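Here the structure comes first, spelled out in structure tokens, and everything after it is commentary.
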Amino acid sequence: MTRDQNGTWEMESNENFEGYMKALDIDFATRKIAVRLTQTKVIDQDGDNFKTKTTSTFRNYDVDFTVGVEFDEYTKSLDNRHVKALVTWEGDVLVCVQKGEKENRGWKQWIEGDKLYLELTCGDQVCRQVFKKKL
Ligand SMILES: CCCCCCCCCCCCCCCC(=O)OC(CO)CO
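Each step along the sequence shown adds one to the number in PDB author numbering, with nothing skipped, and position 8 is 7.
This is how it looks when you write it as structure tokens:
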């Protein structure tokens, strides 16, 4: 069922979110706040149509997309940049490339049973997050 990412996922680990944020030029005051936050991620998946919501005490980030359809992503409340984003399946891994000002920007998201993994990349920095399927 490795492509079914539907549900609510609760963060349990968040490695080098700081390195990823610094690569995006996030201001120090925001990084100092955001590096501690536990995140929740809600995915509404209907085949290749995705509606996702990543939430916290500090800020939320929503992004909707269709696999294989390049779209104009505006990273509101993150680094507030415009990127051309494409999400595709590479095996059972959901792979997004975000081309714009920053090089080697994207993410990879996949399921392992009751765990959701998300690797965020920007240039020289990789952030590794693990979420647990909501109890
Ligand atoms: C980082 C600057 C200040 C943060 C301030 C606090 C925000 C924490 C929650 C949102 C954090 C969201 C990070 C990117 C997630 C992403 O875009 O990938 C998703 C798209 O679908 C994969 O599910």
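Just so it is clear, CB atoms sit at the ideal spot from N, CA and C, and this is done for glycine as well.
In this structure, the C-beta of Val92 stays at least 7 Å away from each heavy atom of ligand 1.
In this structure the segment 73-86 touches the segment 95-114; the number of beta carbon pairs closer than 8 Å is three or more. In terms of CA proximity to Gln38, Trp8 leads the group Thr74, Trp8 and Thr87. When beta bridges are read from the DSSP output, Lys52 appears opposite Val41 and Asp61.
Using a Cβ distance threshold of 8 Å, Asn48 and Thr65 count as a contacting pair. Straight-line measurement puts the Cα of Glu89 at about 24 Å from the Cα of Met10. Bridge pairing for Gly105: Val96 and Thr120 [DSSP]. Excluding the 5 residues flanking it on each side, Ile25 has same chain C-beta neighbours closer than 8 Å at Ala33, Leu77 and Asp78, in chain order. A check of alpha carbon separations from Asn103 across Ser55, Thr53 and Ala22 identifies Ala22 as the nearest.
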